[PDB]
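Take a look at the structure set out below.
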Amino acid sequence: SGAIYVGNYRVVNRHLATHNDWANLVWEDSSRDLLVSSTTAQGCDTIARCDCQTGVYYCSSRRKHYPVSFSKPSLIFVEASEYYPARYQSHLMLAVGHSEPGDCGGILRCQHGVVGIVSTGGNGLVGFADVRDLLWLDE
Ligand SMILES: NC(=O)[C@H]1CCC(=O)N(Cc2ccccc2-c2cccnc2)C1
Ligand SMILES: [Zn+2]
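The sequence shown begins at 7 in the entry's author numbering and counts up by one.
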């Protein structure tokens, strides 16, 4: 689990969104595994606006942060799970590292801020849904 809080927005994995996230929906993209809902409290996370390919992510299944190199956001084939059939997920970044389904929502950060959240894994890889292109999150 996990979310990003910036201004009056809450960014979560679309497959983990609650009834309240859907009742206050701002934007959702199944191909990205992202959903953004509105909040009454002001969030103060900082989103990165950069093209970094190195950062640190939180891994709940190890209670640890790990430094990783990751690929730029791209269209990657993701095996079926109970939430989606097998499909291509867009704006996804991969790194070599540990990830389990319950790790989804863990933040990846670079020196400029939040880069994205854990969204895929298995086979010794960890996949992050990018948020750096969502410039409206800051306005
Ligand atoms: N964005 C998505 O389509 C996700 C929906 C929910 C979901 O469980 N996954 C698979 C997954 C996520 C995180 C860590 C590991 C795995 C996983 C484990 C075992 C073998 N393959 C994948 C994909
Ligand atoms: Zn950066």
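Think of the CB as a built atom: it goes at the ideal place given N, C-alpha and C, for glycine as much as any other residue.
Is the separation between the beta-carbon of residue i and that of residue j shorter than 8 angstroms?
i           : j           : result
residue 26  : residue 39  : no
residue 55  : residue 104 : no
residue 10  : residue 113 : yes
residue 102 : residue 120 : no
residue 16  : residue 36  : no
residue 7   : residue 22  : yes
residue 109 : residue 65  : yes
residue 116 : residue 52  : no
residue 12  : residue 131 : no
Please go through the same chain and pick out, in chain order, the residues whose beta-carbon is closer than 6 angstroms to the beta-carbon of residue i, but skip the five residues on each side of it.
i           : result
residue 77  : 99, 100
residue 135 : 38, 39, 40, 122, 123, 125
residue 140 : none
residue 73  : 62
residue 45  : 14, 16
residue 33  : 42
Looking only at DSSP bridge pairs, what is residue i linked to?
i          : result
residue 1  : What is shown of the chain runs 7 to 145, which leaves residue 1 out entirely.
residue 4  : Outside the modelled stretch of the chain, which goes from 7 to 145, sits residue 4, for which no answer is possible.
residue 13 : 49
residue 71 : 64
Cutting at 8 angstroms between CB atoms, please list the residues of its own chain near residue i, excluding the five before and the five after it.
i           : result
residue 68  : 104
residue 127 : 104, 105, 106, 107, 109, 133
Suppose the cutoff is 7 angstroms on Cβ atoms and the five residues either side in sequence are ignored; what does the same chain contact list for residue i look like?
i           : result
residue 96  : 37, 38, 81
residue 75  : 59, 60, 101
residue 111 : 7, 8, 9, 18, 19, 22, 123, 124
residue 93  : 84
Are there any heavy atoms of ligand 3 lying less than 7 angstroms away from the beta-carbon of residue i, as far as the coordinates show?
i           : result
residue 110 : No copy of ligand 3 appears in this structure; the ligands present are ligand 1 and ligand 2.
Subject >> Inside the stretch 75–131 only - beta strand (DSSP E) runs reaching at least 3 residues >> reply: 80–84, 93–102, 113–116, 119–128
Subject >> Secondary structure, beta strand (DSSP E): runs of 3+ residues fully inside the stretch 28–68 >> reply: 31–35, 40–50, 60–65
Original post:
Closer than 5 angstroms from C-beta to any heavy atom of ligand 2: which residues, in chain order?
Top reply: 54, 56, 58, 116, 118
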